[PDB]
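So this first bit is one chain, no partners, the form deposited in one PDB entry, shown in structure tokens.
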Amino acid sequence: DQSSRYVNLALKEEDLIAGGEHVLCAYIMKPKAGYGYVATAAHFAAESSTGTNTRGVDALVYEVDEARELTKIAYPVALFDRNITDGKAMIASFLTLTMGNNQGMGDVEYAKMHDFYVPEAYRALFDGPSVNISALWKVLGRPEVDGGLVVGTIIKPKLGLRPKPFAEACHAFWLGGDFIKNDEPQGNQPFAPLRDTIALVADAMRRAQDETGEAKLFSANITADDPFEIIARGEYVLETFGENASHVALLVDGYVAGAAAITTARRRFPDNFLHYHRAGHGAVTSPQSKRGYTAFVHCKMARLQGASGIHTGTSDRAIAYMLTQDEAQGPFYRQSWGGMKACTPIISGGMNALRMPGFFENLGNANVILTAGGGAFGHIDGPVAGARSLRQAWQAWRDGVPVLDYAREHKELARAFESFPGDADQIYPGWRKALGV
């Protein structure tokens, strides 16, 4: 409750950043009703630090703004918990400090973290990604730097397909696309046991690669409550995949299984791409909610933790640069990563091949994994043609060749034109005449 001790409106934020020994947190907090804005901020600082009921260890409120409901806290770095084991930081501590008891405080109506800042000393203690989309680029025969677009999907129905049937759908998508994701719940269901399903998938992977001369990728759901179950799934898929183990990403449903889930896989399989699926993140990181944290904070936390890739959505871009760059600007804090690897944006839904380049231009690169719905593959020669067309669209974008010209020499791309006639004649008027098609 005490202000005086935990409030130092007068602290230059730059001084704080300059002497990198404070984690900074920016929230949108609203005092209950009858309570004082700065009083309540002193109190929130209090409940997130030393409490009381020594002061070099206290959480100081350094900036307030009642109109905007903006509260900024400075957390000494000494508060964060570290491993007794290897001396590394933990995300669990960071959450606990900056978002535990403070999320159920009679006194506060709501409080949601919008951005956070970690200094070098602290930031350097985190695991960070061990691999990213470069690992995938190396499998696909692409350059390690600016490798481009990875074309993926989710096999549907989400649950229902038996083992042969699942394997088979994987094979057919593999004739035109690169990556396949297990949907969220696919695991060891009685009707489609994991051991069976995966051995068949493995074989669908060798069949597809042989028939196309191209490398294929699979993202296998290894989520469980028990870490040794997580590990037993991981080791099983890799061994089954065998010569193709480098082509397997390990999917962890991370929101519903938590940080240990993500940390098990990250530390046990540092050579395989850890695919962070955001399942049910939606109850916290949804604008309808005024509690917890935002998607930006969620995703920025994933880098530090070590996700190789994380579903980002489809600003979608501040997230993207923040995950990608060695220096990014977030809502309030700009951050340096001192060489910490990138964590690849994974986008969903999808547009057609015509729309594709709009996205590429906007983002400024095409260094993402597309997990597209079958709509993005809705194409007149089929979905094989459909996935090729997306690839052809990326390629023309990267060569800086005009779609229309690439299209005359690439059948599936030209056929996407006729597939979405009103999109074509809107985005590239000519087309009809122009393609003679």
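The first residue of the sequence shown is number 1, and the count goes up from there. For clarity, a rigid core is taken as the largest C-alpha set superposing within 1.5 Å between two forms.
The following text describes the form deposited in another entry, which does not appear among the structures shown.
Engineer: Which of the listed residues (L70, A39, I380, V384) moves its Cα by 2 Å or more between the shown form and the other one when the core is kept in place?
Structural biologist: So the residue whose C-alpha moves 2 Å or more is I380.
Engineer: Is it true that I427 shifts between the shown form and the other one by 2 Å or more at the Cα, once the core is aligned?
Structural biologist: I427 C-alpha, core-superposed: shift of 2 Å or more.
Engineer: With both forms fit on the core, has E418 moved 2 Å or more by CA between the shown form and the other one?
Structural biologist: Moves: yes, 2 Å or greater.
Engineer: Closer or farther: how do the CA atoms of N365 and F377 lie in the other entry, compared with the form shown, if the change is at least 3 Å?
Structural biologist: Here the pair is closer than in the other entry; there, farther apart.
Engineer: Can you tell whether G374 sits closer to or farther from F166 in the other entry than it does here, judged by CA atoms, where the change is 3 Å or more?
Structural biologist: Compared with the shown chain, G374-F166 is farther in the other entry.
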